[PDB]
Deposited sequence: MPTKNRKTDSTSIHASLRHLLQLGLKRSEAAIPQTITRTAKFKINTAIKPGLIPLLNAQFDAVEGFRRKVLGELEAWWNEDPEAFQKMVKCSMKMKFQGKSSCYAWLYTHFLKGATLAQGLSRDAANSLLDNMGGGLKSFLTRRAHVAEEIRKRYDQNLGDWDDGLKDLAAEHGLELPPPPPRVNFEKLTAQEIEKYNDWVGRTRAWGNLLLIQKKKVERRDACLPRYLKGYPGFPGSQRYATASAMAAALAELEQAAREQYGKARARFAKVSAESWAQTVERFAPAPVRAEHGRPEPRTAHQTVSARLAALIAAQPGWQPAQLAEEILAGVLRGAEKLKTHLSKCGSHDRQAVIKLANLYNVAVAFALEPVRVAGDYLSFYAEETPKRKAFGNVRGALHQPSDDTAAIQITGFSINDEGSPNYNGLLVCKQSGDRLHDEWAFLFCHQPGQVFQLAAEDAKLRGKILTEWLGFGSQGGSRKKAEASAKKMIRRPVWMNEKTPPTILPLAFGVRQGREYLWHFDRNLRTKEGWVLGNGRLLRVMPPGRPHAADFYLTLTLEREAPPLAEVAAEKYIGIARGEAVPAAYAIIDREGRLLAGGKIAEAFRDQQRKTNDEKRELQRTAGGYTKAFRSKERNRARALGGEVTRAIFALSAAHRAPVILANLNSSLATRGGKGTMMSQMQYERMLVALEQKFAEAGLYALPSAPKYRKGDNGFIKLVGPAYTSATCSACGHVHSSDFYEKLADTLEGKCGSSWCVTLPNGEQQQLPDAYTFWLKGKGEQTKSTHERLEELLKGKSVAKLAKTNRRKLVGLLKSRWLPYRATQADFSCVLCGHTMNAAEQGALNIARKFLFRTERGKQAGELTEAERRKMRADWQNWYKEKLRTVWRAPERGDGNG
């Protein structure tokens, strides 16, 4: 065994006791199957049509809500967080008002299934709410930072500015933190940047504070972007980017005719100094070749040879030929060499202005080129996938078996229970219906089918009903002339025997898993709909076993180490260590050393816990916290540690995951505030749990922020704990 499944198996077969404080839990889990478009490739056009029709609605409502957000942000905040008591326009929580305003008595785009729009607006409210409740905390924090700045800038920390010249930059803008906007935060962060750049520019007055601790008006950061703002941003293609870059470069080439011949006495000396000889870059190429060899013998009148060097830099017309003519914009090499040529054309074209030390006209002239080069370099990268999801709000069936929404899971089951189908019925065209009736039912307008559907009933989250959700396995009667789409599905045995045919939660033969909601996911490379992957994401729920009275006779202390990942030590209820031991660009950097190690140590932690039955003493780092989350999930899924709402409410003594903050000790026979490796560290972390048991303090709150009156306490305790 020794495996996470086979160790959770032992943890379930752990007849400790049934704690009377056992609050019922629920285990939410998801089965992510793949529609088998390979077998049924005719879906791909249909599924993609539905998906791109629902993005049209998604963006329409999102943009409308953003326009209304900046127009009436107070009324918008009233709308989002409605309720049965505080209604907006006499409507309950967001979804009611969304349907009323957007999909009530409103025609839908051709090919859009108003069930898909209903689920869209159903799921919109939980994004608007997150936006609001993150903006609140942000606003508070950025108010703090603004307070700090305004209180130590232009008022309080002008002694340093008084020590030298440069009285004061422009004054900071006023930000109405009563109602702060993205625009106001933008124009304040702009001034923060201006003043930071001014401080770095005035580095001659001993203002080396870029990393030295002084001055530096901090930024206002963290303000959320209204939902959809950064999702469906227009972005930019390549051809447009290169066209705007070439327009800016040609502008500079044309206007550079005589800007050189304005002073050309010491300006040209600096021009030649900047672009002088050093895979040759565009800068290196032009500098080392064209000015170097066009100046000496030929082409006098520096103005005239400036035109010739710019003609050379702009001889990259052949690259424009390779792109526009035969071959496309998919050759990154040509695109990067053309963009570099344009950038250097501009950079050496504005050189006389740069030498003049304007930096204000120069910035204005290089803004078009700057933006164009940014949009070329940003369009050059595309390792991303466009993901759109359609959600079935639920899988419920009325008294007659007719569903309330547009999705169902079906099984064309065989006699031997070895050749079952497990497809998904989706309803999106007009006339697509199905019923969960009996084989002996006589339904009008519907024809039986070999499919067996898994509906649900109950769980209505209303005081009146407040039932317990229960599935319903009943044969599927489909419309003869208009059958709902069948999404062949594709999974593994390890995956279906977890959710579909589980020894104890077999969908068709045993009570267990409960249907939650669903999502049809499209995951396609941008602009490549025929390569789109499709998934069905079914959320199932369980009731976890009740907690157990952990009268542990042994404990498993576990601590991190260098020679060891997470060395472990098995003690009893009175310490006196019983046993000890050791546990355990993109590939090696992240995967090999994050996942393959965290997972192995986690299953080793379960192996130790279950084998010795002993609860885990674990400290209060991303791969440590992922191991902690996995242990929490798979102990809560055992009649053990009770998962807390949000990871803030860690009880510190919560079943088998008994959390103790520091160790801050040693085993030199006199403690601290050498022997073997972190094995003794885990010994002392377990003993420290035992000590804090007598002490009776909340180790979770102020795990390390407090040191006074604590460091000496454990120091003395271990200095005396030798009897």
- Message: Ranges lacking C-alpha coordinates, please, mapped onto the deposited sequence and listed in sequence order.
- Response: 1-9, 288-297, 604-629, 666-681, 735-836, 887-899
